[PDB]
Each structure stands twice: as structure tokens, then as C-alpha cells.
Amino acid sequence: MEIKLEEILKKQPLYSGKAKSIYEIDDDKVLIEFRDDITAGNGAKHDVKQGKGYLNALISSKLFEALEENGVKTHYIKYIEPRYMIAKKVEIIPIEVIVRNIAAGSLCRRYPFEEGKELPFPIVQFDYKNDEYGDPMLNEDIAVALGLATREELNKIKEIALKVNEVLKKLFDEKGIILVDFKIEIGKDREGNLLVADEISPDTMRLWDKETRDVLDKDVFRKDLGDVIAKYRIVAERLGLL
């Protein structure tokens, strides 16, 4: 007994996106509901798949706990089955932070990188979160001129990104999974601390089986590669969450 889940869900979400609903708990905490909605191509492709929110909330809680254990400060407070998460309320910085270990996705489409090729070092990419503009890639000068964050913050965010990568890449490799790349969102809590927020799940990470390189993330849905839920379940399974 700590939060009145059933009563909070009866309220109107402070915000409702394409995959999750944010409900208010109090002044500094929110209830995050992982829905069964799954999207691709920026909304262009959508469906509702049973067990998606359950698996993503489950995996995300585990990765956050792993990060916290390694000193990475996050918005995670606790997991409430099957698809809810209690988190510290933050003000999200409109920047998609992408870290890449293997060339894939837009990197290969936009530059002469061979898909599946190991990168010399983890590439960090900042994208402007703005639908009207198609989420264009940013460089440090532009983000600062746009007033999205200060130079020092942008660099701190990059360091957090690389630390997150270090923790996760190792964790998944031990579980026979290759962390191809991932995207995180950072936000400032009531005290102004920079916290990894949002989620960290197969919806936000590219994960390939180490042996076969079978796709285990949302790309399965984007490119209709097979049973996405069954693959998401393999991830949870590998992490020992089932």
C-alpha cells in the first residue's frame, strides 16, 4: 500500500502520447502507463498488440534498476504489474539522444555505413524532438542557438548517454544479445537534476540475438519480420524477468 493505482487511472492523463499515458500522482511524481499501442514511421503505422505494454514496462523497470545500480540517475521509482511505472516527474528536454554501437537505421540510410558493421566507437546523435520539423538531427551549436539546453548540459547528457551504453551493452551481451543502438530522453526533475526518463525497451532499442542476429526489437513491427510480441518476450526472458 503506497499509491492508489485504480483511483489514479480514473483520472485524465496529464499527457497521452502514441505509446504511453502520463497520470499525475502528486507534485513530484507521475504514474506512467505503458499501453499496448505500437507505432512506426512516426504514427504512419499502428496497431494494438496484447502484452506489449506489459513486456515494455517490465523490461524498462529492469534496465532502469540496472542503471541506478551503476550510479546513473533516472526517473524510476518502482514497477507495478503489469504495465505501470511510478516515476519522478521531470520536464523533458526536447532532444532524442541516440547512441550507436552498430551501423543501422537512419545512419546507413543517410551515410555510407555498411549495415550491421561494428562502429569504431559509440556514435552519439542528438535529434530535435519536433514533429512540425520532422525531428531533424542537431549538432551542438544548433541545439544551443535553439535554446534547447546549455552547452554544458548537452555535454553532460552525452556523458550520461555513453554511461548508459556501457551498462546496457554489457548487460545484454551477457544475455546473448547485441545492443545495436538505442534512444533515450533526459528531463530535469523539480531540483534541476538531469535524469534519464521515459522508457528503455524493445520499442526504443535495436536488439539482435548474438548468434543468429535475429531482430528482437520494434524493427520486427516496422518491417514485418515476424511475431514482435514473441520477440519482445524473448528479451524479457533473457533478462530473467519471466
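Each residue number is its position in the shown sequence, starting from 1.
Next on the checklist: Mean CA temperature factor from the deposited coordinates, higher in 120-128 or in 69-77?
Outcome noted: Of 120-128 and 69-77, the stretch with the higher C-alpha B-factor average is 69-77.
Checklist entry - Should the higher mean CA B-factor in the entry be assigned to 27-35 or to 52-60? => result Result of the comparison: 27-35.
Item to check | Residue, from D217, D189, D198, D181, that the PDB entry assigns the highest Cα B-factor | outcome: In the PDB entry, the greatest C-alpha B-factor among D217, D189, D198, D181 is found at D189.
Next on the checklist: Please say which third, lowest, middle or highest, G41 falls into when its CA temperature factor is compared across its chain.
Outcome noted: Answer is highest: the recorded C-alpha B-factor places it there.
Next on the checklist: Is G134 in the lowest, middle or highest third of its chain when residues are ranked by C-alpha B-factor?
Outcome noted: It belongs to the highest third of the chain when residues are ordered by C-alpha B-factor.
Checklist entry - For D141, does the deposited CA B-factor place it in the lowest, middle or highest third of the chain? => result For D141, the deposited C-alpha B-factor lands in the lowest third.
Next on the checklist: Is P82 in the lowest, middle or highest third of its chain when residues are ranked by C-alpha B-factor?
Outcome noted: For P82, the deposited C-alpha B-factor lands in the highest third.
Item to check | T204 - Cα temperature factor, lowest/middle/highest third of chain | outcome: Lowest third, going by the recorded CA B-factors of the chain.
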